[PDB]
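# Architecture at a glance
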Protein chains: 2
Amino acid sequence: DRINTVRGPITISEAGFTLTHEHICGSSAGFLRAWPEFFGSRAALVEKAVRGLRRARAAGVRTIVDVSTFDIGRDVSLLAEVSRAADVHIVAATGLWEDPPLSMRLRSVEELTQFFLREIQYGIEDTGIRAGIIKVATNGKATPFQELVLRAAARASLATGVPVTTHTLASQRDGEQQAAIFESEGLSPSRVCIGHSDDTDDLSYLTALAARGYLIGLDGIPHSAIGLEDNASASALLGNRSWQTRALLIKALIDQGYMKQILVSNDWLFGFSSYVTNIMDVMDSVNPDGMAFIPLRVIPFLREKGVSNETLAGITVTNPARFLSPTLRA
Amino acid sequence: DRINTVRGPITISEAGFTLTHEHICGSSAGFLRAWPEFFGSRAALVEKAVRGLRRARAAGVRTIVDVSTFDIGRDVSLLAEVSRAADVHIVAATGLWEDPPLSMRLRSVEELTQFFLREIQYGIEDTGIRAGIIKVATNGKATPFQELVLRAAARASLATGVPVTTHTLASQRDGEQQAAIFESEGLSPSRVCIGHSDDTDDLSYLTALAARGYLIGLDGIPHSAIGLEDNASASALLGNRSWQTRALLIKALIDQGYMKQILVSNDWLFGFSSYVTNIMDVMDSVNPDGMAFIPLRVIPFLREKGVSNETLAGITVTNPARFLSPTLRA
Ligand SMILES: CCC1(C)CCCCC1
Ligand SMILES: CCC1(C)CCCCC1
Ligand SMILES: OC1(O)C=CCC=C1
Ligand SMILES: OC1(O)C=CCC=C1
Ligand SMILES: [Zn+2]
Ligand SMILES: [Zn+2]
Ligand SMILES: [Zn+2]
Ligand SMILES: [Zn+2]
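Residues numbered from 1 in each chain as written, not as in the entry; some residues may be left out. Chains lettered and ligands numbered in written order. Heavy atoms only, no water. Residues with missing side-chain atoms left out of burial classes, pairs and counts.

Time to look at empty space enclosed by the protein. Its volume calculated, the largest cavity comes out at about 340 Å³. In this structure, the largest cavity is lined by 22 residues; those nearest its centre are A:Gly30, A:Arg33, B:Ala29, B:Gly30 and B:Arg33. Listing elements by their share of the lining of the largest cavity, those giving two or more residues are α2 (31-34) of chain A together with α2 (31-34) of chain B. Its residues assigned to classes, the lining of the largest cavity shows eight nonpolar, six polar and eight charged. Each pocket or cavity is described by its volume, and for the second largest cavity that value is around 50 Å³. Contributing to the lining of the second largest cavity are A:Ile24, A:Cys25, A:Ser27, A:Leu32, A:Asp66, A:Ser68, A:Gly73, A:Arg74, A:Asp75, A:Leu78 and A:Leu79. (1 Å grid on protein atoms, 1.4 Å probe; cavity = no way out; pocket = protein on both sides within 12 Å on 5 of 7 lines; lining within 4 Å. Points joined across faces, edges and corners; volume = space filled by probe spheres on them. Helix = DSSP H or I, 4+ residues; strand = E, 2+ residues; numbered from the N terminus. Nonpolar A, V, L, I, M, F, W, Y, C, P; charged D, E, K, R; others polar.)

Have a look at this one:
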């Protein structure tokens, strides 16, 4: 009946329109503290994030789930500052992404479970802010350590009811192996979102996940390098499929009976240090709406394609609330 | 005429007996903040470090160089606390070790130079504490990013006079490639210590470095897994050569005319999270003297083998002061 945010517990009704996969800043552990000038300044990053979240709020967004883990350089004090200034709830994450340092990579499944439970049940470092979601990652076949991370995420979710959300290399159908590992630990698919699923057009893969009960994260809708002439790094990151192609996967899954299992987001950021320099400028030129892209551009697009207002409100309000509200079976 | 420590500038005379390659805690960026229970508690780690440094001080140590970089999880506030409580000077490091995160690995040589200069000239994150040494690393042939790190370290040293110290895989003769890269940037070998050089018995490699003017870091004297029955992880980390074999390399280089180029240390730690769990307990059982091993065991051993007190005072007092005092040519 309560979801943990960076400003404390909120009721399910208070979450409202929720973007389920976003980042204030995509970075690395300790990086913002040690080199704030990379972002201009910490204050410039804060100001940019507050302006972006205020524009998202004006477009109807009420909550974002920041799926930055320890190794994305999640700074919950930064999230709290931006959340207060913008009047947008922010749910923080535990888990591990694709860049864990040695002190994480050498840990056992039991040790990792203790760490994820610390961040859900006690607090993130000394802040008392508790995570409301567990983020994990693979890029193709899981490494041995990533198998431990997936298992520890399942154990933390089974103890607390907090859901799991994943990064995939969708072209390698990673959700299949992720699901197998989660289910081997006894985790309900209703507690799991297989993310970056809009990176693929393979309906057999997407429906195989949805048929088992997984939530499907169509979370990078504005990610596209179409019309970026000869930018190899942006093309590799964003892909060559249009935002319309990605958005039509929302309609595709609705038409197959999976409206209650779709989660939609932008996978946007206000700073981004874990990729090439100036990538944030390139991304902002592609999508000047930032996190407001979903309500301002995707929702009207889907309405014109015949999707109802009621169905889209279910996807953007009802589904995130059911996903985020702690439970063992949703 | 001044060396930066975690408590401010000290004179060259104040450095005294100096251990040139040590760690308060071998960790990862942000790890101690996010999971202090891994070490029991932060307070337990502090107490262990203070007791260890007090025993080292009683044995004659006056300064240690903590060569923990950003990616070793260097916490300069922790170093300052331990330094004040133990009455032992601590020099902090900038640079990058073998575990840089994506936000570092994607940077250019110019960006890395700015970061190293920030930590030498301005301060480490918001503390105002300035680094007195630059630490870099290879493990075999340098990766493309490690080549950039080595070049940026050379540029930072050329601008400031602060020396460079290295991690090597000594069996692969890494010092040869490190030297070639440093010299391509114009760095004087007198500003560089090639570390972990006691990991090898190859006198042709060691004398080739010393003949060019490099300082030779015989920095892991107590590291040995001899007498550890069937501990594969400790054997892989510590090696099967005795501490006496390592210590005799000090005499070997003295006998070849290189007494002024030898730097000696323990490469000890009080916490260690970047390796297998409980490694600190294994290491403490091998060497209960910790950082006091050099003065309590190595110095008397070398005296019995015929090395003079004057020569050993030159190695432990004069050489570190010449190395650490900022200059372009020492
Ligand atoms: C029948 C699928 C549906 C028209 C339901 C109402 C929202 C839009 C999709
Ligand atoms: C001649 C080498 C030397 C005996 C000099 C004094 C210190 C010990 C070594
Ligand atoms: O994996 C990601 O969602 C994280 C940050 C950026 C881009 C992609
Ligand atoms: O490379 C090292 O010196 C760092 C920490 C530990 C062990 C070795
Ligand atoms: Zn991702
Ligand atoms: Zn993301
Ligand atoms: Zn090393
Ligand atoms: Zn070391």
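From this point, the narrative continues.
So, about the sheet that holds strand β5 (residues 63-66) of chain B. All names here are of chain B. Strand order across the open sheet formed by three strands is β3-β5-β6, with parallel pairing between neighbours. Bordering the open sheet on either side are β3 (18-22) and β6 (89-91), each of which pairs with just one other strand. The average undirected angle you get between the axes of adjacent strands in this sheet is 25°. In the sheet, β5 pairs with β6 via three bridges, with the strands oriented parallel. In the strand pairing of β6, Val 65 is matched with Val 91. (Pairing = 2+ DSSP bridges. Axes fitted to C-alpha atoms, helices over the stretch in contact; angles between N-to-C directions.)

What follows covers the UniProt feature "binding site: Zn(2+) 1" in chain A. All names here are of chain A. Cross-referencing UniProt, the feature "binding site: Zn(2+) 1" maps to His 21, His 23, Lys 135 and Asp 267 in the present numbering. Taken together, the annotated residues stretch across 247 residues yet fold into one region, lying no more than 13.3 Å apart by C-alpha. Its location among the elements puts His 23 in the loop between β3 (18-22) and β4 (25-26). Excluding residues that lie within four positions of it along the chain, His 23 makes contacts with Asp 66, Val 67, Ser 68, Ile 72, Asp 267, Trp 268, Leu 269, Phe 270 and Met 291. Structurally, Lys 135 can be placed in strand β8 (residues 133-137). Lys 135 sits in the buried class, given a relative accessible area of 1%. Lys 135 has contacts with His 21, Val 67, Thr 69, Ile 72, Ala 93, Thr 94, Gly 95, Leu 96, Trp 97, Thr 165, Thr 166 and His 167, leaving out every residue within four places of it along the chain. (UniProt positions renumbered as here; feature names shortened; annotations may be inferred. Contact = heavy atoms within 4.5 Å. Buried < 20%, exposed > 50% of the residue type's maximum accessible area, 1.4 Å probe, protein only.)

So, on to the coordination of the zinc ion (ligand 7). Protein coordination of the zinc ion (ligand 7) is provided by B:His167 (ND1) and B:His196 (NE2), with donor distances spanning 2.0 to 2.1 Å. Classification of the site at the zinc ion (ligand 7) rests on its four donor atoms, whose angles at the metal span 61 to 157°, yielding the label irregular. (Donors = N, O, S within 2.8 Å, 3.2 Å for Na, K, Ca; no water. Tetrahedral: all angles 85-135°; square planar, octahedral: opposite > 155°, others 65-115°.)

Residue and element names in this part refer to chain B. Every residue lining ligand 4 is accounted for by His 21, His 23, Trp 97, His 167, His 196, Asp 267 and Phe 272. The separation between an oxygen atom of ligand 4 and a polar side-chain atom of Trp 97 is 3.2 Å. Within the side chain of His 167, one N or O atom sits 3.1 Å away from an oxygen atom of ligand 4. In the complex, 91% of the free accessible area of ligand 4, which totals 240 Å², lies under the protein chains. Classifying every residue of the shell around ligand 4 gives two nonpolar, four polar and one charged. (Near = heavy atom within 4 Å. Polar contact = N/O pair within 3.5 Å; in protein donor to acceptor, adjacent residues only side chain to side chain. Areas by Shrake-Rupley, 256 points an atom, 1.4 Å probe, with all protein chains shown as cover.)

Turning to the packing of aromatic side chains, a few remarks are in order. Taken as a whole, this structure holds 22 aromatic pairs over all chains when the rule is applied. Relative to B:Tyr275, the ring of B:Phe272 has its centre 6.2 Å away and its plane inclined at 25°; by these criteria the two rings are stacked. Residue classification places B:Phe272 among the buried residues on the basis of a relative accessible area of 14%. Grouping aromatic residues by their ring pairs yields a cluster made of A:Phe31, A:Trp35, A:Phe38, A:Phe39, B:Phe70, B:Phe115 and B:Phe116. (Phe/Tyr/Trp six-rings, centres within 6.5 Å; stacked < 30°, edge-to-face > 60°.)

Here we come to the coordination of the zinc ion (ligand 6). All names here are of chain A. The protein atoms donating to the zinc ion (ligand 6) are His 21 (NE2), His 23 (NE2) and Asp 267 (OD), with metal-donor distances spanning 2.0 to 2.2 Å. For the zinc ion (ligand 6), the four donor atoms are set out with angles of 84 to 129° between them, so the coordination reads as irregular. In this structure, the zinc ion (ligand 6) lies 3.9 Å away from the zinc ion (ligand 5). With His 23 in the loop between β3 and β4 and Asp 267 in the loop between β12 (262-264) and β13 (271-272), this pair connects stretches of sequence that are 244 residues apart.

Moving on: the pattern of salt bridges. All names here are of chain A. Across all of its chains, the model carries 30 salt bridges over all chains by this definition. The partner of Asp 198 in a salt bridge is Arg 246, and the shortest N-O contact between them spans 2.9 Å. You can see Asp 198 sitting in the loop between β10 (192-194) and α9 (203-212) and its partner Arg 246 sitting in helix α11 (residues 243-255), a full 48 residues away along the chain. Residue classification places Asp 198 among the buried residues on the basis of a relative accessible area of 0%. Notably, a salt bridge pairs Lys 251 with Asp 255, separated by 2.8 Å at the nearest N-O pair. Pair noted here: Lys 251 and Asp 255 are both in helix α11, with a separation of four residues, about one helical turn. Taking the relative accessible area as the measure of exposure, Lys 251 reaches 23% and is therefore partly exposed. According to the relative accessible area criterion, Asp 255 is exposed, its value standing at 56%. Three or more residues joined by partner-sharing salt bridges are found here, namely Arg 151, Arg 155 and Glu 185. (Salt bridge = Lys/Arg side-chain N within 4 Å of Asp/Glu carboxyl O.)

It is worth spelling out the relation of the copies chain B and chain A at this point. Of the transformation placing chain B onto chain A, the axial shift is 0.0 Å and the rotation is 180°, giving an RMSD of 0.0 Å. Such a turn and shift between the copies fits a two-fold axis. Counting the interface residues of chain B, we find that 100% of their copies in chain A are interface residues as well, pointing to one common contact surface. (Least-squares fit on C-alpha atoms.)

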